[PDB]
Amino acid sequence: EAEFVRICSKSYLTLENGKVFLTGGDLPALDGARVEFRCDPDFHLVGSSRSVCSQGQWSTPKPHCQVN
């Protein structure tokens, strides 16, 4: 089922002035992976600081880092 890569948008992994703590890899659909968002020691994360991968799609949309 699904389509193309059986993994939630890898884009989330990369974030400007921030690092994502992925935890799933590249398993079928990846209906279990969990990524912990966190902004560098300058900007404070204010949103979906947490997103669980499922059915090749992240539960919550990528957030954003706000300057202190």
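Data for the structure
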quantity	calculated
Of the criteria (1) at positive phi; (2) free of Cβ contacts under 8 Å to residues at least 40 places away in the same chain, which one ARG50 fails	(1)
Number of the exception - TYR12 against (1) buried (at least 16 other Cβ atoms within 10 Å of the Cβ); (2) part of a strand (DSSP E or B)	(2)
Matching residues in segment 15-46 - criterion: being out of contact with any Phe, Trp or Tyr (no Cβ under 8 Å at 6 or more places or on another chain), more than 30 Å from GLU1 (Cα to Cα) and surrounded by 14 or more Cβ atoms within 10 Å (Cβ to Cβ)	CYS39, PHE43
Subset of segment 47-62 that is out of contact with any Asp or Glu (no Cβ under 8 Å at 6 or more places or on another chain), closer than 24 Å to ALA2 by Cβ and not charged (D, E, K, R) - its residue that is surrounded by the most Cβ atoms within 10 Å (Cβ to Cβ)	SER51
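Quick grid of which residues meet (1) touching a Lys or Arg at 6+ places or on another chain (Cβ under 9 Å); (2) hydrophobic (A, V, I, L, M, F, W, C); (3) without any contact (Cβ under 8 Å) to a residue 12 or more places away in the chain:
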| position | (1), (2), (3) |
| --- | --- |
| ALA2 | no, yes, no |
| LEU22 | yes, yes, no |
| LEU30 | yes, yes, no |
| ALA33 | no, yes, no |
| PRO61 | no, no, no |
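Read-outs throughout are calculated quantities, based only on the coordinates presented, and are distinct from any laboratory measurement. FYI the Cβ positions are ideal-geometry reconstructions off the backbone, even for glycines, and counts take in every protein chain you see.
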